[PDB]
Amino acid sequence: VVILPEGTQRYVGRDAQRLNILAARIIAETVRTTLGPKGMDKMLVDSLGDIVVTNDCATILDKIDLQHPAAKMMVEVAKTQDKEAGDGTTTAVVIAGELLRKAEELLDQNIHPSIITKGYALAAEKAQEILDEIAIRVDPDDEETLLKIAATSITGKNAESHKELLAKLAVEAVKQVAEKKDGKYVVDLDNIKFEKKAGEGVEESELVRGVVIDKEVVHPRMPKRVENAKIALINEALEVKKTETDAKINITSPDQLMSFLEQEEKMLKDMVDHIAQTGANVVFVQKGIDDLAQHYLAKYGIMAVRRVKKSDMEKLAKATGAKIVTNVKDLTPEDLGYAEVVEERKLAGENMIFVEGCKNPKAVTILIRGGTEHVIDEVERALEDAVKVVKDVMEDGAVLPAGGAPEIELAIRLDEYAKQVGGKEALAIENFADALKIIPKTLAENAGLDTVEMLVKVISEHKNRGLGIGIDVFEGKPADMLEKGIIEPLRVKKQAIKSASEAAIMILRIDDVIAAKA
Amino acid sequence: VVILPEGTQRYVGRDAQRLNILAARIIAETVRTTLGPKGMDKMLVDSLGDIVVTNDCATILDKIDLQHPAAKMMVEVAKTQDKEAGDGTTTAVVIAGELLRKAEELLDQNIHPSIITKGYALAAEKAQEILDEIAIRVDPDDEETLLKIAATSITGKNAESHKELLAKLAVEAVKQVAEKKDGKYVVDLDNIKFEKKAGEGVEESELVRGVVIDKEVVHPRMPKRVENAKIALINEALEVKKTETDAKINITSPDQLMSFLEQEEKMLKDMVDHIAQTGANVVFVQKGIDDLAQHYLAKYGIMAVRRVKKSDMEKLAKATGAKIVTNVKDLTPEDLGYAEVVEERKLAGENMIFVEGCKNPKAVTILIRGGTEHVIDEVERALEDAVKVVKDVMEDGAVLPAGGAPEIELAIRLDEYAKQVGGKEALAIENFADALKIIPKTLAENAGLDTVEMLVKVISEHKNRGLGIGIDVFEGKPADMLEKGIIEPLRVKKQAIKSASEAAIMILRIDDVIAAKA
Amino acid sequence: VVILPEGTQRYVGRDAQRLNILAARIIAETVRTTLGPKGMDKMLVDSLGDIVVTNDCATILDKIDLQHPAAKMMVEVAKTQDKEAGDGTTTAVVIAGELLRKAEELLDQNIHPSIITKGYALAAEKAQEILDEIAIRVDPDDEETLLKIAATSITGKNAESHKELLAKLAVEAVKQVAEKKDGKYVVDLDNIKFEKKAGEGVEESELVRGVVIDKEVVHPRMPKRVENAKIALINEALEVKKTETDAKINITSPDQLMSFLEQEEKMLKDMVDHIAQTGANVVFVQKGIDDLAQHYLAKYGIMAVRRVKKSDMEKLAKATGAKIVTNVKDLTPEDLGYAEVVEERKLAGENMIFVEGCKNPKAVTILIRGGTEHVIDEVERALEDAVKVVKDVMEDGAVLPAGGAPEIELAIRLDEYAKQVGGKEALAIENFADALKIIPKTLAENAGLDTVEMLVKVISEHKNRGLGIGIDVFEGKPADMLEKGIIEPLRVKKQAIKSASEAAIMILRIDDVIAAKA
Ligand SMILES: Nc1ncnc2c1ncn2[C@@H]1O[C@H](COP(=O)(O)OP(=O)(O)NP(=O)(O)O)[C@@H](O)[C@H]1O
Ligand SMILES: Nc1ncnc2c1ncn2[C@@H]1O[C@H](COP(=O)(O)OP(=O)(O)NP(=O)(O)O)[C@@H](O)[C@H]1O
Ligand SMILES: Nc1ncnc2c1ncn2[C@@H]1O[C@H](COP(=O)(O)OP(=O)(O)NP(=O)(O)O)[C@@H](O)[C@H]1O
Ligand SMILES: [Mg+2]
Ligand SMILES: [Mg+2]
Ligand SMILES: [Mg+2]
């Protein structure tokens, strides 16, 4: 009896489970090869022919056009991990897939999914308690640890050769814009701008304690450089203003043609004279600037830029100290900001404006250079992560060893926790624990090392030497990650397990898939 | 389990590396035949049937409709190299492709791409140190070296027959518009205009110390030639102005029909009278010029040109010393510029205006002639490179011998550097050094010389006589490029190695290619 | 000008070389994964849905539907290798592919193909002289070495589990049918029959010193088992004979209807009576046997089999000592053969005839058993190889160590030979030598070992300890293959290099490929 439209696909019971799990596993296997120091990159070409080259799991899954529903669900794991902690997007997806693979073994044994799910929930919740406890507490602004955090992040990506420079830029940027409420830091990454310009190489990238704007000085006669600049920030256009209410001039005599023309000329001139009277010698206008206004600005020796993006206006205010004024007439000297140097320079033959040497900038700019556009897009992505993990640590004065040390610590301990729980739930908890080993395993795998042996050695050494013991993919053997300065934010592991877990549990609870005809 | 949409193609591991490297190598092989004094040209015809004949690598790769993603990535190397240094766009692409070719040998040897990549990064960085060290520091404005620089880039092109003249024009143009701030020059290429008219031959090309504009004198009665011109630059249109605010005339008596008409006439006449009264005998207006105004301008014996391009207005300001005035009302004698001669002349039966004999022009024009439009376009491309390299040396102040000399030096030193690094990384540094040899090799190949023997002889002589030893494709033997005066800017090699190596490394880290169905 | 038909595709020079070499390398790369103890198998499915699962390179290349000509040429290397020596089909293909790869490096260096080809031919001729010299002369029938040769051949294939048994069977079979003319053995493999029957396991396979035939006793009343059998072999049908010349009985009286009828009965009965009178109790007839004849054979207590295959008749003759007679009338007791037992037995419910316990059989049978038809076929393939290499050693009393030891010995000596030759030819010889290393290389690769390291260690150990040092893919380290008993026939290496060198040189000579539209 026709219930569903023709074309509808339906999978139930083990079929639905097998399909969903295999799809999540394949997605995970697909990105696991990007994991770690020896992890490699992917080239993604969309339907329009646009090209993306990354190592970033979140970027990869967001780009490829996935069909299977379960595979789509995995994308959400990478996305949420990316928004919360920056790093660990590959880790969260890979663990989620392994979690599902280990669970099907129990499903094949006929253990009820509610049992597997209960076990996984207990293990995930226990894992958070363990992470909070083993986490190494540190000074939120300790520069050395911060640098280590950032450097660890910038490894296994094609800009690692400059990890020292890049890490240094990321840490300075975050600490500079970090807001200390009382004893805890808060960081708004919207205050750190990334400006990219192909040319030169990655080595030439730098941190500008101010703002770099992709704009030109509006008029040729205006100064191209201003030493101790007094910056004015106007968001209203420097043009003849018109009332909000409809209005029209009704002319009844010839002399009015000139009187109204002259009145508009005076209004334009007054605005500029007013700006000049504050002492400002540099002005950023968010809207346009009438030619007449430009001429007067130039006549006054004032450097002006029009059509400045709102977000840039805000960064300019935070960097220079100037206050954005809506109406030119409200502009006062107390509204002016400061910059050691404001100058129009060319990068790759393209004029740009630098606002540098600001006092205590609340907004900052990292100028990225590189031999090619693709290379520069990938450096920005590497910096986006570096900056997030540094932020993680400044807001959570906690870190963990890297190199799979944490997941090993969790596997050992969770396996012990399973024993105190007992029964079928214990089975699930042991599998959850075993699942966490894909990290060390894949780290070794991507490095071409014998995975079975590396595991035996690392777990054994870890049991003997403690928390910091992880895998050194370069030397191909266990090592103390803490001593090696190979660390990551506590938040990366915490969010990774939360997203991986709740998603695995959700997929494991599905025993019916009903898909309409596309 | 259908994960990716049908029609999606994917290549992984060795297959990915193999396909990406082959595509890049083929692009390099395609352009390497244009390299050097004996390099040949390409004829590119697009979908619409437009024809481009050139020796320029950037242009060639820009025009070709490339399909493969890796090939597309090779276009960026050429583009960045072009924006930053002008010359060496072919060199950068050829090195990139060879770098990849040498790397695949290590990949086939099973050496991890992470190691090859690190080795390549070490070599690239070391290469920059070496280049900075062997670079020959020169006088930023030394005419003789600047001339050798220009003449060197011009060789191997369609206009080489006239390299002497063309090198002279390029050098003179840059020197003239060059700005000294503090022992260091800065050059804005936008101040050098290229105007081209088919007719005569390339030999008739010249440098105009002012501006050449493709415009006519607006009114038949105006002077076609003005001696010691007093030039006025106005951007507002010479016409009845209207308020920004909506306005309309409400006529209530017949006398107003004439009074309002006479007021608009008076307004036009006043604008012209005001211009005349400043003493200006030549006026360039960015916008339009009303017929009545043209008439009064003609009555005053004032030559006028309308709808002048903004960039041209700016070049006129810089060359004549005139100040662009927005409103006629603000024009004054102090805004007027000077030109020994302003005249309308016909080139190949087409009217143009020459503003020549300017005092100390800050903007200049190279008038290009040629027996064909295609010839002239290519001569322009040759001049663009020449002006850029001349700029490189004035801004920087370092040159290098040419003829493959810098790359031989590099190969020789990187080989030793390899030895001090040792290990699998040294193997990669060695291959990187070997790759740099495609330059001398292709310089010889394009010349029809025996590549294997030329390389042996050049490398040997270079080890004996030093840095200046490179290949002489005319004499067909090693030679001191420095003695011959065959030099190139330091910036060319530095950028070429940076873009070539970062692109190669990036391509090398790809082990997964996923392309959607177009 | 249209010279070639539309649809025709052509590649010249570098392009032809690149395409041909790439196609041959890919093919080699496809089969190298089957090489050695850790090599795996392929499942081949044709268009008809027929399945072939094997490890045998010759079979793989034969069953796959190759398109590229260069790839098809590689098939011949495997086929010729297989026909002449049995084992080493993968080795030959893999070397040819590697040779072409190393050659392209020289082509890219602009070394003329005739020179590369010259060096390769010299290296290959030298290799044969080296193999003849280092070859270990052994006793043609030394069961000990023969057993090692067979066992070494069988490993690396499913059914290696039973290598001890299978090697034993292969050796006993060859030793038995071998004909010694004078210290020199000659073996005709057609004297060793392979009979396959699914059921039981590979372990139940056995050697029958006689013949097994897929046939039944023609008459139910005949004996199903005969102790000391006196075997008669007749190829003429036991039916009423007709003249070659057309003939027809012209009946003119009623009594002739019975007389001619009774005459044919008598002719038939006489044939049988004659067979019985010789003493024969077992009879194999190549053609048919009329029911009346069957009836009388049964009455006589004689077991008979009709429609016996010609090839089986020859095997029964050589095995039992019987002589095949054309006409029954020519049969004499001296023509009868002997078998300790001749019996019809059911295998997997199917009737078969066993002729076992023959005196000194010159034809023998290896009965293959296994739990699946596919297992059975792959076992037969393993036995075909095992039997061929045993044959190689008995005809050529010479062996070599395995584990890549031979190619390592050649690579070392050929590298020195190169220095003696010098010039560009030395470049090709050195490359030929280096190419031989893929054997040791992929042997290790398929084992998951670190290629670069294994090579360094084996070449080093080989230089210190000598000829027998190869790679022990099990212990994962260099070892003396001679001490380990891991050896191969001299003929394998000899033919491998001959076929691989001549093919490589042929492909390398191609600089123009012209293919018509199908
Ligand atoms: N020097 C190192 N040695 C060993 N392991 C390291 C090192 N640096 C980082 N790691 C580990 O490598 C993993 C990070 O790899 P990575 O490829 O960046 O993926 P991810 O962080 O999981 N996701 P994402 O960065 O968001 O794409 C973590 O498990 C780290 O602890
Ligand atoms: N007289 C000369 N003798 C020998 N080599 C020369 C000479 N003049 C130039 N070269 C070399 O030729 C190369 C420049 O060739 P060219 O065809 O202009 O390509 P490119 O500079 O690499 N790229 P592009 O200029 O951007 O099109 C450089 O490697 C020079 O060192
Ligand atoms: N125990 C062993 N240890 C190491 N190498 C071995 C061992 N046994 C055999 N070999 C080597 O493995 C190779 C044979 O592998 P195999 O997969 O049978 O391919 P092949 O003989 O080249 N061709 P085919 O005709 O398909 O069998 C030879 O180079 C042997 O010397
Ligand atoms: Mg990361
Ligand atoms: Mg050039
Ligand atoms: Mg074999």
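Every chain is numbered from 1 and lettered A, B, ... according to where its sequence line falls, protein lines coming before strand lines.
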**Q** Between the side chains of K193(C) and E195(C), is the shortest nitrogen-to-carboxylate-oxygen separation below 4.0 Å, so that they form an ion pair?
**A**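 Result for this pair is yes, salt bridge flagged.
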**Q** For atom NZ of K362(C), decide whether the heavy atoms of other residues, nucleotides or ligands shown that lie under 6.0 angstrom number more than 12.
**A**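 Yes, enclosed.
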**Q** Give a yes or no on whether a salt bridge exists between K63(C) and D46(C), defined as a side-chain N under 4.0 angstrom from a carboxylate O.
**A**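 Not counted as a salt bridge, because no side-chain N and carboxylate O are separated by less than 4.0 Å.
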**Q** Find the distance between OG1 (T89(C)) and NZ (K83(C)) and round it off to the nearest 0.5 Å.
**A**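 One finds 12.0 Å between OG1 of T89(C) and NZ of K83(C).
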**Q** Looking only at heavy atoms, what is the nearest atom pair of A124(C) and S501(C), with distance?
**A**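 For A124(C) versus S501(C), the nearest heavy atoms are CB-OG, 3.3 Å.
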**Q** Can a side-chain donor-acceptor contact be found between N235(C) and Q286(C) if the only test is distance below 3.5 angstrom?
**A**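 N235(C) and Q286(C) do not have a side-chain donor-acceptor pair below 3.5 Å.
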**Q** Can any side-chain N or O of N431(C) pair as donor or acceptor with the backbone N or O of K102(C) at less than 3.5 Å?
**A**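 Yes, the answer is positive, given that a donor and an acceptor are paired below the 3.5 Å cut-off.
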**Q** Given 3.5 Å as the limit, does a donor-acceptor pair link the side chain of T365(C) with the main chain of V208(C), or not?
**A**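 No, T365(C) side chain to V208(C) backbone: no donor-acceptor pair under 3.5 Å.
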**Q** For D142(C), is there any backbone N or O sitting under 3.5 Å from a side-chain donor or acceptor partner on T145(C)?
**A**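 Judged by distance alone, yes, a pair lies under 3.5 Å.
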**Q** Under a 3.5 Å distance rule, please check whether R369(C) uses its side chain to pair with a backbone N or O of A198(C) as donor and acceptor.
**A**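 The answer is yes, because a donor-acceptor pair under 3.5 Å joins these two groups.
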**Q** Can you tell me which residue among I471(C), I469(C), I408(C) is in a side-chain contact (heavy atoms from CB on, under 4.5 Å) with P478(C)?
**A**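 Between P478(C) and the candidates, side-chain contact (heavy atoms from CB on, under 4.5 Å) is satisfied uniquely by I469(C).
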**Q** Table please: side-chain donor-acceptor pairs of residues 390-397 of chain C below 3.5 Å, with sequence neighbours left out.
**A**
unit_1: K391(C); atom_1: NZ; unit_2: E395(C); atom_2: OE1; d: 2.8
unit_1: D392(C); atom_1: OD1; unit_2: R491(C); atom_2: NE; d: 3.3
unit_1: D392(C); atom_1: OD1; unit_2: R491(C); atom_2: NH1; d: 3.2
unit_1: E395(C); atom_1: OE1; unit_2: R491(C); atom_2: NH2; d: 3.0
unit_1: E395(C); atom_1: OE2; unit_2: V187(C); atom_2: N; d: 3.0
unit_1: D396(C); atom_1: OD1; unit_2: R491(C); atom_2: NH2; d: 3.1
unit_1: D396(C); atom_1: OD2; unit_2: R491(C); atom_2: NE; d: 2.9
unit_1: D396(C); atom_1: OD2; unit_2: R491(C); atom_2: NH2; d: 3.3

**Q** Counting only N and O atoms by type, is there a donor-acceptor contact under 3.5 Å from the side chain of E160(C) to the main-chain atoms of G156(C)?
**A**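 Yes; at least one donor-acceptor contact below 3.5 Å.
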**Q** Sequence neighbours excluded and cut-off under 3.5 Å, please list the side-chain donor-acceptor pairs for residues 26-35 of chain C, or say none.
**A**
unit_1: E29(C); atom_1: OE1; unit_2: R18(B); atom_2: NH1; d: 3.0
unit_1: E29(C); atom_1: OE1; unit_2: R18(B); atom_2: NH2; d: 3.4
unit_1: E29(C); atom_1: OE2; unit_2: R18(B); atom_2: NH2; d: 2.7
unit_1: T30(C); atom_1: OG1; unit_2: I26(C); atom_2: O; d: 2.9
unit_1: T34(C); atom_1: OG1; unit_2: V31(C); atom_2: O; d: 2.7
unit_1: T34(C); atom_1: OG1; unit_2: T90(C); atom_2: OG1; d: 3.4

**Q** Output the distance between atom CG (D62(C)) and atom CG (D65(C)), rounded to the nearest 0.5 Å.
**A**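 So the CG of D62(C) and the CG of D65(C) are separated by 11.0 Å.
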**Q** Does anything in residues 432-455 of chain C form a ring-ring contact (aromatic ring centres under 6.0 Å, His included)? List the pairs, not counting sequence neighbours.
**A**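 Sorted result for residues 432-455 of chain C: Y120(C)-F432(C).
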**Q** Quick one, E384(C) with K388(C), criterion salt bridge (charged side-chain N to carboxylate O under 4.0 Å, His left out). Give me CA distance, side-chain angles, the key distance, then yes/no.
**A** CA-CA 6 Å; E384(C) 294 178 318; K388(C) 262 178 178 168; over 6 Å; no
**Q** Working to the nearest 0.5 Å, report the span between CD of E133(C) and CD of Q128(C).
**A**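 These two atoms lie 13.0 Å from each other.
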**Q** For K484(C), is the NZ atom crowded, meaning more than 12 foreign heavy atoms sit under 6.0 Å from it?
**A**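 Counting neighbours around NZ of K484(C), 12 or fewer heavy atoms of other residues, nucleotides or ligands fall under 6.0 Å, so no.
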**Q** Would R225(C) and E343(C) pass as an ion pair if we require N to O under 4.0 Å?
**A**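 Result for this pair is yes, salt bridge flagged.
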**Q** Salt bridge check, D132(C) against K494(C): does any charged N sit closer than 4.0 Å to a carboxylate O?
**A**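 Judged by the 4.0 Å cut-off on N to carboxylate O distance, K494(C) and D132(C) do form a salt bridge.
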**Q** Hey, does the side chain of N55(C) reach the backbone of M40(C) with a donor-acceptor pair shorter than 3.5 angstrom?
**A**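 Answer holds: yes.
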**Q** State plainly whether the residues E453(C) and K457(C) are in salt-bridge range, i.e. N to O under 4.0 Å.
**A**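 No, this pair does not count.
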**Q** Rounded to the nearest 0.5 Å, how far apart are CD of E164(C) and CD of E203(C)?
**A**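 Spacing of CD (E164(C)) from CD (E203(C)) equals 8.5 Å.
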**Q** Would you mind telling me which of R307(C), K197(C), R345(C) makes a salt bridge (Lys or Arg N to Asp or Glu O under 4.0 Å) with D214(C)?
**A**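 When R307(C), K197(C), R345(C) are each tested with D214(C), the salt bridge (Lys or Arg N to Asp or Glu O under 4.0 Å) holds only for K197(C).
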**Q** Find out whether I51(C) and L44(C) are in side-chain contact, i.e. whether some heavy atom of one side chain is under 4.5 Å from a heavy atom of the other.
**A**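 When only atoms from C-beta onward are counted, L44(C) and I51(C) do not touch, as no gap falls below 4.5 Å.
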**Q** I want to check something: taking the side chain as every heavy atom from C-beta on, are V174(C) and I192(C) in contact at a cut-off of under 4.5 Å?
**A**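 SC-SC contact between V174(C) and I192(C) confirmed.
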**Q** Side chains of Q495(C) and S499(C): donor-acceptor distance under 3.5 Å anywhere?
**A**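 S499(C) and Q495(C) do have a side-chain donor-acceptor pair below 3.5 Å.
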**Q** Any non-hydrogen side-chain atom of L490(C) less than 4.5 Å from a side-chain atom of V399(C)?
**A**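 No. Closest side-chain heavy atoms not under 4.5 Å.
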**Q** Thinking salt bridges, do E314(C) and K318(C) make one under a 4.0 Å N-O criterion?
**A**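 So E314(C) does not pair with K318(C) through a salt bridge.
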**Q** For residues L100(C) and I507(C), report the shortest heavy-atom separation together with the two atoms involved.
**A**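 Closest heavy-atom pair between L100(C) and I507(C): CD1-CD1, 3.6 Å.
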**Q** Quick check: are there more than 12 heavy atoms from other residues, nucleotides or ligands sitting under 6.0 Å from CD of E502(C)?
**A**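 No, the 6.0 Å shell around CD holds no more than 12 heavy atoms from other groups.
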**Q** Please find the pair of heavy atoms, one from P140(C) and one from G183(C), that lie closest to each other, and give the distance.
**A**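 For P140(C) and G183(C), the tightest heavy-atom pair comes out as CG-O, 4.4 Å.
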**Q** Return yes when atom NZ of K42(C) has more than 12 non-hydrogen atoms of other residues, nucleotides or ligands closer than 6.0 Å, and no otherwise.
**A**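 More than 12 heavy atoms, drawn from other residues, nucleotides or ligands, come within 6.0 Å of this atom.
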**Q** Mind checking whether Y338(C) and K230(C) have side chains closer than 4.5 Å, heavy atoms only?
**A**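 No - every pair of side-chain heavy atoms lies 4.5 Å or more apart.
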**Q** Please tell me if the side chains of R209(C) and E172(C) come closer than 4.5 Å, counting only heavy atoms from C-beta onward.
**A**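 Yes, close enough: below the 4.5 Å cut-off.
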**Q** Using the side-chain contact (heavy atoms from CB on, under 4.5 Å) rule, take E216(C) and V305(C) through it: C-alpha gap first, then chi angles, then the decisive distance, then the call.
**A** CA-CA 7 Å; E216(C) 285 190 342; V305(C) 187; over 6 Å; no
**Q** Looking at NZ of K437(C) and OG1 of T442(C), how far apart are the two atoms once the value is rounded to the nearest 0.5 Å?
**A**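 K437(C) NZ to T442(C) OG1: 15.0 Å, rounded to 0.5 Å.
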**Q** State plainly whether the residues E98(C) and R101(C) are in salt-bridge range, i.e. N to O under 4.0 Å.
**A**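 Answer for the salt bridge query: yes.
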**Q** Would you confirm whether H462(C), through its side chain, and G466(C), through its main-chain N or O, come within 3.5 Å as a donor-acceptor pair?
**A**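 Checking the backbone N and O of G466(C) against the side chain of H462(C), a donor-acceptor pair under 3.5 Å is found.
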**Q** Got more than 12 heavy atoms from elsewhere within 6.0 Å of NZ, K309(C)?
**A**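 Result for NZ/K309(C): open.
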**Q** Are the side chains of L316(C) and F284(C) in contact, using a 4.5 Å heavy-atom criterion?
**A**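 When only atoms from C-beta onward are counted, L316(C) and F284(C) do touch, with a gap below 4.5 Å.
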**Q** Using side-chain heavy atoms (C-beta onward) and a distance below 4.5 Å, is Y417(C) in contact with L122(C)?
**A**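 Result yes, sub-4.5 Å side-chain heavy-atom pair found.
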**Q** Around atom CD of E416(C), are there more than 12 heavy atoms from other residues, nucleotides or ligands closer than 6.0 Å?
**A**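 Enclosed: over 12 neighbouring heavy atoms sit under 6.0 Å from CD of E416(C).
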**Q** Around atom CD of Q109(B), are there more than 12 heavy atoms of other residues, nucleotides or ligands at under 6.0 Å?
**A**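 Yes, CD of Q109(B) has more than 12 neighbouring heavy atoms, counting only those of other groups under 6.0 Å.
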**Q** Between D385(C), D41(C), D377(C), which is the residue that forms a salt bridge (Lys or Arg N to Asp or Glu O under 4.0 Å) with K157(C)?
**A**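 Of all the options given, the one that passes is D385(C).
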**Q** Side-chain contact, heavy-atom cut-off 4.5 Å: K493(C) with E488(C)?
**A**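 SC-SC contact between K493(C) and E488(C) confirmed.
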**Q** CD of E206(C): more than 12 outside heavy atoms within 6.0 angstrom?
**A**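 Buried by this count: over 12 neighbours within 6.0 Å.
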**Q** Nearest 0.5 Å, please: how far is CD1 in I60(C) from OG1 in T54(C)?
**A**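 That separation rounds to 6.0 Å.
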